[PDB]
Amino acid sequence: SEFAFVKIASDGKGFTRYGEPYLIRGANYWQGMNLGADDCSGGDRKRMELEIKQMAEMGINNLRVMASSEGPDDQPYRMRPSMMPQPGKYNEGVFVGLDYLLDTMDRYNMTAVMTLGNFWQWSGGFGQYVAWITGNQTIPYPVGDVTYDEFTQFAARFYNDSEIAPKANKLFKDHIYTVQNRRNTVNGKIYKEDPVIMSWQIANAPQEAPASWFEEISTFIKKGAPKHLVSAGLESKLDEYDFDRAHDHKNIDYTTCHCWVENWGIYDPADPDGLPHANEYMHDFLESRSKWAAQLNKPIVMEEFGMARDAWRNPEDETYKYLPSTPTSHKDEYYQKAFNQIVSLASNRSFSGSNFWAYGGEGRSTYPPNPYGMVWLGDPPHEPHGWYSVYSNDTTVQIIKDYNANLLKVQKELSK
Ligand SMILES: OC[C@H]1O[C@@H](O[C@@H]2[C@@H](CO)O[C@](O)(CO)[C@H]2O)[C@@H](O)[C@@H](O)[C@@H]1O
């Protein structure tokens with residue numbers, strides 16, 4: 001019986017599970033694995049269990065999590081301790097964190113999108129694999145005078161450099177194999193047989209990877225886990241051509257987009273008048289990506305989006321922007337409008353849900369780092385702590401809760 005496995009509907013316009021439509025009432029929780037680790041490897045398991053419980057009470061049925069991270073552990077801007085400090089060598093204390101993450105998600109009947117790698121630097125990612133291959137541990141982190149474009153050209157050698165790509169992909173493939181074949185030490189399930197996992201996701205946000213790379217990798221992931229969906233992890237921030245290069249492949253089962261107004265220069269959170277322009281952008285983003293998904297006849301999930309706190313209330317004070325006590329009136333309206341639009345599109349089966357970025361839970365940006373230097377919450381350590389996290393008692397919690405109720409209501413209407 002594969003009844004419990006999330007599937008694509010035979011008409012391609014949404015997901016199914018248990019013989020019924022399945023809508024994604026999601027959140028991002030990439031920190032789950034590290035919080036699930038035992039106290040010795042810097043975890044806080046009781047807090048992870050409470051965070052999952054908090055999320056179940058807000059109606060969340062789906063977490064996108066990180067199922068990779070690379071050392072070596074002396075690197076800035078990344079998760080510590082790492083899951084894979086050197087190629088093929090695993091921090092078992094961190095890996096057991098993933099086991100518990102998946103076991104707790106099961107008890108709350110959530111599904112997981114298992115992200116297998118990262119283009120960005122905060123879990124090591126593609127840039128780290130490249131560093132292992134060239135033997136050169138000086139990654140050009142985009143801090144100070146180094147730009148994102150320069151870091152991107154370095155990391156993109158993972159799949160564009162005809163000498164580096166085959167060796168890098170060999171290491172990445174060994175990691176994919178190890179994760180798909182992990183026996184969960186808590187409940188005994190082998191990951192590739194676990195219906196709790198909705199999909200394997202190639203990577204977070206690959207930047208202009210060639211078509212033949214998505215073709216190859218997705219095929220390999222699917223042969224590795226034939227019961228599961230496979231996903232690309234693309235932002236879809238460019239155009240339809242870019243979207244097709246990632247998604248038009250027999251083993252990419254559904255499509256995704258990521259919407260970042262501040263990061264793309266669309267939205268300035270210090271500007272008291274900037275919200276309407278971000279709302280409109282979110283608005284055309286959802287309508288146009290929706291059309292691109294429909295042209296491939298595959299489902300679409302907005303698997304990342306977010307907004308900063310109300311920095312415009314005190315524009316000239318940088319620290320104010322990240323304080324938990326700072327309100328989120330813009331973020332709240334932005335989330336609410338996007339959610340209302342998704343609910344309306346999902347009613348005509350032209351969108352399948354979303355995962356906000358990202359749940360902070362009980363973490364706060366004012367807390368001290370743990371002994372490995374981590375202030376765990378929704379913002380990875382390449383970014384200011386507290387930028388986008390949604391905290392357990394934020395006003396945005398009610399908005400997300402209502403959205404998850406509306407989206408479940410729609411899934412029920414469609415199940416008739
Ligand atoms: O910044 C929030 C969240 O965004 C994702 O990555 C962003 C992408 C979005 O376009 O662009 C960057 O800002 C680099 O320019 C990158 O950090 C998300 O996947 C995660 O990495 C990040 O926390």
# chains A, B, ... in the order shown; residues from 1 in each chain; ligands from 1
$ residues_near_ligand --ligand "ligand 1" --cutoff "10 Å" --atoms "only C-alpha atoms and all ligand atoms" --output "PDB file with N, CA and C atoms, in the first residue's frame"
ATOM      1  N   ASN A  28       8.532  26.656   6.476  1.00  0.00           N
ATOM      2  CA  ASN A  28       9.931  26.263   6.400  1.00  0.00           C
ATOM      3  C   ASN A  28      10.443  26.123   7.835  1.00  0.00           C
ATOM      4  N   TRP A  30      13.990  24.764   8.421  1.00  0.00           N
ATOM      5  CA  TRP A  30      15.307  24.170   8.018  1.00  0.00           C
ATOM      6  C   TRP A  30      16.157  23.887   9.227  1.00  0.00           C
ATOM      7  N   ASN A 118      22.066  22.813  -1.080  1.00  0.00           N
ATOM      8  CA  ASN A 118      21.776  24.218  -0.968  1.00  0.00           C
ATOM      9  C   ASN A 118      22.667  24.960  -1.926  1.00  0.00           C
ATOM     10  N   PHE A 119      22.172  25.851  -2.758  1.00  0.00           N
ATOM     11  CA  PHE A 119      23.120  26.624  -3.542  1.00  0.00           C
ATOM     12  C   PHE A 119      23.826  27.592  -2.574  1.00  0.00           C
ATOM     13  N   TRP A 120      23.132  28.087  -1.528  1.00  0.00           N
ATOM     14  CA  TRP A 120      23.739  29.149  -0.693  1.00  0.00           C
ATOM     15  C   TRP A 120      24.646  28.638   0.383  1.00  0.00           C
ATOM     16  N   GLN A 121      25.339  29.546   1.049  1.00  0.00           N
ATOM     17  CA  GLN A 121      26.440  29.196   1.887  1.00  0.00           C
ATOM     18  C   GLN A 121      26.069  28.760   3.309  1.00  0.00           C
ATOM     19  N   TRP A 122      24.788  28.814   3.682  1.00  0.00           N
ATOM     20  CA  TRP A 122      24.503  28.703   5.088  1.00  0.00           C
ATOM     21  C   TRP A 122      24.431  27.305   5.628  1.00  0.00           C
ATOM     22  N   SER A 123      24.499  26.330   4.747  1.00  0.00           N
ATOM     23  CA  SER A 123      24.657  24.936   5.175  1.00  0.00           C
ATOM     24  C   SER A 123      25.918  24.405   4.437  1.00  0.00           C
ATOM     25  N   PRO A 142      30.032  36.253   0.346  1.00  0.00           N
ATOM     26  CA  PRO A 142      29.689  37.599  -0.123  1.00  0.00           C
ATOM     27  C   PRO A 142      29.509  38.544   1.079  1.00  0.00           C
ATOM     28  N   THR A 147      30.592  40.554  -3.668  1.00  0.00           N
ATOM     29  CA  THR A 147      29.173  40.603  -3.932  1.00  0.00           C
ATOM     30  C   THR A 147      28.606  39.187  -4.024  1.00  0.00           C
ATOM     31  N   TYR A 148      27.283  39.082  -3.911  1.00  0.00           N
ATOM     32  CA  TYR A 148      26.527  37.857  -4.250  1.00  0.00           C
ATOM     33  C   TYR A 148      26.819  37.246  -5.653  1.00  0.00           C
ATOM     34  N   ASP A 149      27.106  38.104  -6.650  1.00  0.00           N
ATOM     35  CA  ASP A 149      27.328  37.681  -8.048  1.00  0.00           C
ATOM     36  C   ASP A 149      28.638  36.873  -8.102  1.00  0.00           C
ATOM     37  N   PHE A 151      30.040  35.307  -5.456  1.00  0.00           N
ATOM     38  CA  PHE A 151      29.866  34.096  -4.739  1.00  0.00           C
ATOM     39  C   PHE A 151      29.104  33.120  -5.633  1.00  0.00           C
ATOM     40  N   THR A 152      28.145  33.622  -6.393  1.00  0.00           N
ATOM     41  CA  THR A 152      27.332  32.777  -7.253  1.00  0.00           C
ATOM     42  C   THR A 152      28.146  32.122  -8.355  1.00  0.00           C
ATOM     43  N   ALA A 203      17.783  20.798  -4.523  1.00  0.00           N
ATOM     44  CA  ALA A 203      18.574  21.757  -3.756  1.00  0.00           C
ATOM     45  C   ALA A 203      17.780  22.993  -3.479  1.00  0.00           C
ATOM     46  N   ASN A 204      18.163  23.771  -2.466  1.00  0.00           N
ATOM     47  CA  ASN A 204      17.601  25.079  -2.342  1.00  0.00           C
ATOM     48  C   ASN A 204      18.139  26.098  -3.401  1.00  0.00           C
ATOM     49  N   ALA A 205      17.304  26.515  -4.328  1.00  0.00           N
ATOM     50  CA  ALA A 205      17.655  27.710  -5.164  1.00  0.00           C
ATOM     51  C   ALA A 205      18.877  27.579  -6.086  1.00  0.00           C
ATOM     52  N   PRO A 206      18.987  26.474  -6.847  1.00  0.00           N
ATOM     53  CA  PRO A 206      20.106  26.465  -7.832  1.00  0.00           C
ATOM     54  C   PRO A 206      20.042  27.679  -8.810  1.00  0.00           C
ATOM     55  N   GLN A 207      21.172  28.330  -9.039  1.00  0.00           N
ATOM     56  CA  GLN A 207      21.191  29.541  -9.867  1.00  0.00           C
ATOM     57  C   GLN A 207      21.589  29.194 -11.310  1.00  0.00           C
ATOM     58  N   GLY A 233      13.401  22.728  -6.409  1.00  0.00           N
ATOM     59  CA  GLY A 233      13.877  23.788  -5.475  1.00  0.00           C
ATOM     60  C   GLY A 233      14.127  25.196  -6.050  1.00  0.00           C
ATOM     61  N   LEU A 234      13.660  25.442  -7.273  1.00  0.00           N
ATOM     62  CA  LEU A 234      13.910  26.685  -8.025  1.00  0.00           C
ATOM     63  C   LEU A 234      13.126  27.893  -7.455  1.00  0.00           C
ATOM     64  N   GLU A 235      13.735  29.077  -7.468  1.00  0.00           N
ATOM     65  CA  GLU A 235      13.034  30.308  -7.050  1.00  0.00           C
ATOM     66  C   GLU A 235      11.983  30.717  -8.077  1.00  0.00           C
ATOM     67  N   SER A 236      12.234  30.371  -9.358  1.00  0.00           N
ATOM     68  CA  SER A 236      11.459  30.907 -10.464  1.00  0.00           C
ATOM     69  C   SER A 236      11.411  32.471 -10.392  1.00  0.00           C
ATOM     70  N   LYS A 237      12.558  33.099 -10.149  1.00  0.00           N
ATOM     71  CA  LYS A 237      12.589  34.566 -10.106  1.00  0.00           C
ATOM     72  C   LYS A 237      12.828  35.214 -11.477  1.00  0.00           C
ATOM     73  N   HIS A 258       9.686  30.986  -5.088  1.00  0.00           N
ATOM     74  CA  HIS A 258      10.149  31.650  -3.884  1.00  0.00           C
ATOM     75  C   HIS A 258       9.899  33.119  -4.121  1.00  0.00           C
ATOM     76  N   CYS A 259       9.298  33.857  -3.199  1.00  0.00           N
ATOM     77  CA  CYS A 259       9.089  35.280  -3.513  1.00  0.00           C
ATOM     78  C   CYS A 259       9.767  36.161  -2.453  1.00  0.00           C
ATOM     79  N   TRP A 260      10.845  36.874  -2.843  1.00  0.00           N
ATOM     80  CA  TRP A 260      11.597  37.773  -1.957  1.00  0.00           C
ATOM     81  C   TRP A 260      11.636  39.234  -2.417  1.00  0.00           C
ATOM     82  N   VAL A 261      10.618  39.987  -2.021  1.00  0.00           N
ATOM     83  CA  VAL A 261      10.567  41.418  -2.394  1.00  0.00           C
ATOM     84  C   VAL A 261      11.737  42.267  -1.836  1.00  0.00           C
ATOM     85  N   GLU A 262      12.147  42.041  -0.589  1.00  0.00           N
ATOM     86  CA  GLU A 262      13.184  42.910  -0.063  1.00  0.00           C
ATOM     87  C   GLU A 262      14.510  42.568  -0.738  1.00  0.00           C
ATOM     88  N   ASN A 263      14.861  41.282  -0.697  1.00  0.00           N
ATOM     89  CA  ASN A 263      16.087  40.773  -1.369  1.00  0.00           C
ATOM     90  C   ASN A 263      16.173  41.158  -2.816  1.00  0.00           C
ATOM     91  N   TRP A 264      15.044  41.247  -3.520  1.00  0.00           N
ATOM     92  CA  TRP A 264      15.149  41.674  -4.943  1.00  0.00           C
ATOM     93  C   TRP A 264      15.054  43.155  -5.232  1.00  0.00           C
ATOM     94  N   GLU A 303       6.993  27.900  -2.032  1.00  0.00           N
ATOM     95  CA  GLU A 303       7.621  27.160  -0.920  1.00  0.00           C
ATOM     96  C   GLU A 303       8.519  28.036  -0.100  1.00  0.00           C
ATOM     97  N   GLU A 304       8.666  29.312  -0.495  1.00  0.00           N
ATOM     98  CA  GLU A 304       9.319  30.307   0.380  1.00  0.00           C
ATOM     99  C   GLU A 304       8.736  31.664   0.046  1.00  0.00           C
ATOM    100  N   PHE A 305       8.392  32.431   1.068  1.00  0.00           N
ATOM    101  CA  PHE A 305       8.179  33.861   0.920  1.00  0.00           C
ATOM    102  C   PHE A 305       8.278  34.467   2.349  1.00  0.00           C
ATOM    103  N   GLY A 306       8.602  35.739   2.422  1.00  0.00           N
ATOM    104  CA  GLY A 306       8.619  36.412   3.664  1.00  0.00           C
ATOM    105  C   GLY A 306       8.768  37.934   3.557  1.00  0.00           C
ATOM    106  N   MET A 307       8.683  38.579   4.729  1.00  0.00           N
ATOM    107  CA  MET A 307       8.833  39.990   4.833  1.00  0.00           C
ATOM    108  C   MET A 307       9.381  40.334   6.213  1.00  0.00           C
ATOM    109  N   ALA A 308      10.158  41.416   6.243  1.00  0.00           N
ATOM    110  CA  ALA A 308      10.745  41.988   7.444  1.00  0.00           C
ATOM    111  C   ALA A 308       9.677  42.601   8.419  1.00  0.00           C
ATOM    112  N   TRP A 357       8.466  31.521   5.011  1.00  0.00           N
ATOM    113  CA  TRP A 357       9.832  31.513   5.513  1.00  0.00           C
ATOM    114  C   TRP A 357       9.996  32.608   6.559  1.00  0.00           C
ATOM    115  N   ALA A 358      10.115  32.224   7.842  1.00  0.00           N
ATOM    116  CA  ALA A 358      10.239  30.803   8.251  1.00  0.00           C
ATOM    117  C   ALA A 358       9.841  30.786   9.728  1.00  0.00           C
ATOM    118  N   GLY A 378      14.452  31.073  12.598  1.00  0.00           N
ATOM    119  CA  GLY A 378      14.127  30.945  11.209  1.00  0.00           C
ATOM    120  C   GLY A 378      15.069  31.554  10.240  1.00  0.00           C
ATOM    121  N   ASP A 379      16.062  32.311  10.714  1.00  0.00           N
ATOM    122  CA  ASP A 379      17.048  32.988   9.829  1.00  0.00           C
ATOM    123  C   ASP A 379      18.369  32.279   9.899  1.00  0.00           C
ATOM    124  N   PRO A 380      18.844  31.766   8.751  1.00  0.00           N
ATOM    125  CA  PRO A 380      20.080  31.030   8.790  1.00  0.00           C
ATOM    126  C   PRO A 380      21.188  31.984   9.100  1.00  0.00           C
ATOM    127  N   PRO A 381      22.332  31.465   9.578  1.00  0.00           N
ATOM    128  CA  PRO A 381      23.447  32.304  10.039  1.00  0.00           C
ATOM    129  C   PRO A 381      24.225  33.062   8.959  1.00  0.00           C
ATOM    130  N   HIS A 382      23.768  33.113   7.717  1.00  0.00           N
ATOM    131  CA  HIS A 382      24.399  34.092   6.754  1.00  0.00           C
ATOM    132  C   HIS A 382      23.698  35.464   6.737  1.00  0.00           C
ATOM    133  N   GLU A 383      22.659  35.565   7.569  1.00  0.00           N
ATOM    134  CA  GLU A 383      21.699  36.682   7.578  1.00  0.00           C
ATOM    135  C   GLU A 383      21.491  37.218   9.017  1.00  0.00           C
ATOM    136  N   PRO A 384      21.110  38.506   9.138  1.00  0.00           N
ATOM    137  CA  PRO A 384      20.827  38.992  10.512  1.00  0.00           C
ATOM    138  C   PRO A 384      19.787  38.097  11.212  1.00  0.00           C
ATOM    139  N   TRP A 387      15.543  38.609  11.092  1.00  0.00           N
ATOM    140  CA  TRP A 387      15.028  39.266   9.880  1.00  0.00           C
ATOM    141  C   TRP A 387      13.643  38.808   9.498  1.00  0.00           C
ATOM    142  N   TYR A 388      13.396  37.505   9.357  1.00  0.00           N
ATOM    143  CA  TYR A 388      12.149  37.042   8.786  1.00  0.00           C
ATOM    144  C   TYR A 388      11.414  36.089   9.731  1.00  0.00           C
ATOM    145  N   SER A 389      12.032  35.661  10.823  1.00  0.00           N
ATOM    146  CA  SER A 389      11.410  34.637  11.645  1.00  0.00           C
ATOM    147  C   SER A 389      10.015  35.038  12.062  1.00  0.00           C
TER     148      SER A 389
END
$ select_by_dssp --residues "region 282-394 of chain A" --states "helix (DSSP H, G or I)" --output "PyMOL selection string"
chain A and resi 282-296+311-313+318-322+329-347
$ closest_atom_pairs --of "region 254-328 of chain A" --to "region 9-21 of chain A" --cutoff "6 Å" --atoms "only C-alpha atoms" --output "CSV"
residue,atom,partner,partner_atom,distance
A:297,CA,A:12,CA,5.5
A:298,CA,A:12,CA,5.1
A:299,CA,A:14,CA,5.0
$ closest_atom_pairs --of "region 64-88 of chain A" --to "region 162-182 of chain A" --cutoff "10 Å" --atoms "only C-alpha atoms" --output "Markdown table"
| residue | atom | partner | partner_atom | distance |
| --- | --- | --- | --- | --- |
| A:67 | CA | A:179 | CA | 7.6 |
| A:68 | CA | A:175 | CA | 8.0 |
| A:84 | CA | A:175 | CA | 8.6 |
| A:87 | CA | A:171 | CA | 6.6 |
| A:88 | CA | A:175 | CA | 7.0 |
$ select_by_dssp --residues "region 187-298 of chain A" --states "strand (DSSP E)" --output "PyMOL selection string"
chain A and resi 197-201+229-231+255-259
